[PDB]
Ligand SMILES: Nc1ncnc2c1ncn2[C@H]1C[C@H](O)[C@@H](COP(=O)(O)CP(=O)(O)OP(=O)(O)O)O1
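A lone chain, given as structure tokens: the form deposited without this ligand.
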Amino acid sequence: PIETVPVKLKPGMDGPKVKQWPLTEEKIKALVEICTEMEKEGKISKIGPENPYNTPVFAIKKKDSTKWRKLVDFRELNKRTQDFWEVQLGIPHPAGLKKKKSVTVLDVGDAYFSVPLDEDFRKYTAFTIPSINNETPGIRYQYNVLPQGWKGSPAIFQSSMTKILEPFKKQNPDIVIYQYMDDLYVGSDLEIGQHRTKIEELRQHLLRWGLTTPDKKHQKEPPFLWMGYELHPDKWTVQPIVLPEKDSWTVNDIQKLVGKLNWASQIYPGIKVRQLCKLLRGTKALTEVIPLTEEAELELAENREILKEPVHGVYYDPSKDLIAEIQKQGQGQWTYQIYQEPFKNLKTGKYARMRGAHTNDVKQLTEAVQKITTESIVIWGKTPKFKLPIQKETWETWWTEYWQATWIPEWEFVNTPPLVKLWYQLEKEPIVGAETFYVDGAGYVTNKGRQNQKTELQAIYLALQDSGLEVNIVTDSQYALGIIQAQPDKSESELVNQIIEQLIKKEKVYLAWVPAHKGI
């Protein structure tokens, strides 16, 4: 017998009350048959007319087996119920699973009909099975056991299973039991001979506490197909991914394609989806057809080529240290690889650039490092030792000049194309013997005598070409001044592209701000 959890309605809300619309004769015959069987087993107990609460029943014949089953809509009952700690919604990532000699999948059977329910709350879960016409008011039933579809069934069953499994985990500490939904995943380092005995002992424990489990013969054998992951004995791979070859492409098709490619990126290295997501920028009808641009077609060709090869990941041995490599890609794509030993990869991924944002490659690298750090914390619990393209001196220059606070875990320098380094290379002091420049948002006034926010950007660009290699400029606008300051090597905007192209060649360019002043 399992102790019940105290559950109550939300403060100030009465029990559900809904009326049951009439149903056909075949449906009521099936419903009374199944309900009488359940009452004989004991899940539902008939209650008299004292209870005024009703929750309607809808009879459905599932296409398989041609049998009429019962589905009760508890939506109203779910609304009129105390809040419960949401069950964890993140599936265990296969990368963090430490390899064990034998692993079994024990799927508990009819669990929500085995964990019981609180006596006070049994009253509101009353459903009516109508009689033919109005000869009798009908049959009235209540639920002694946890209903299906109720808000709190997952949390209550999870707590019940945890309490039942706790003493077994205390007695046998080597066995590791993962819980996800109803199933219990059990893994022990023991040989198969003792492991079968231990799994039988777990089954008998759950049977003495009332939870049925599958038999020894019916337990699944490797490989396992779980939430899109194929878990082999010594490798984890995503399920076979078939990219659609449809010539026509709808917004829904592109959404599915991007979702599939993002799911594939976790093991497949080099999957690029940036162009497709740019195709999906704006809202459109799912029937609306967006033609594949040339850039997106190139992206889909390279992605399909990558998906042709099979790639497999490896599980986690805690002794060795995690190592993360970030490899630069075109534009703002950043492919990151996590591997404990070389050429065997635990997980691959991508960091897409901030949509509609132009930033320095070093700042994008910093964001990528932070994303890797948080993902590694969540999955494994330790931050990796990074291996980054950027040179230490470039990082130090940007770190000291930048106004925010940026830190990166222990990292080292890997030599590979491309290498991230600063391009603007601005200085902070005026140059003697160099032309001194004034800009006003496209006119230029000069010591030599030579004579809206984007306009200042245009004006500050015009300053560079005229002056030459060594320049000293002052700008009337802090916006253009900040654009040149930010050292944006992304070159997303066209005007900024022009400015960077002209700036890279120059040997020494220093720019300062002069406020507008009363008088000449």
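Residue numbers here begin at 1 and follow the sequence given.
Below: the form deposited with this ligand bound, not depicted.
Colleague: 298-306, 283-291, 117-125, 68-76: which one contacts this ligand in the deposited bound form at 4.5 Å, heavy atom to heavy atom?
Modeller: Answer to the contact question: 68-76.
Colleague: Hey, in the deposited bound form, does residue 108 get a heavy atom within 4.5 angstroms of this ligand?
Modeller: Yes, residue 108 is a contact residue.
Colleague: Evaluate residue 148 for contact with this ligand in the deposited bound form, applying a 4.5 angstroms cut-off between non-hydrogen atoms, and reply yes or no.
Modeller: It does: once this ligand is placed as it appears in the deposited bound form, residue 148 has a heavy atom within 4.5 Å of it.
Colleague: Give a yes or no for residue 46: in the deposited bound form, does one of its heavy atoms lie within 4.5 Å of a heavy atom belonging to this ligand?
Modeller: Residue 46: no contact with this ligand in the deposited bound form.
Colleague: Residue-level question: is residue 60 within 4.5 Å of this ligand in the deposited bound form, judged on heavy atoms?
Modeller: Although this ligand is absent here, residue 60 would touch it in the deposited bound form, with heavy atoms inside 4.5 Å.
Colleague: Which pick from 201, 435, 367, 182 sits with a heavy atom within 4.5 Å of this ligand in the deposited bound form?
Modeller: Of the candidates 201, 435, 367, 182, 182 is the one lying within 4.5 Å of this ligand in the deposited bound form.
Colleague: Please identify the residue among 351, 249, 112, 141 with any heavy atom within 4.5 Å of this ligand in the deposited bound form.
Modeller: Result of the distance check: 112.
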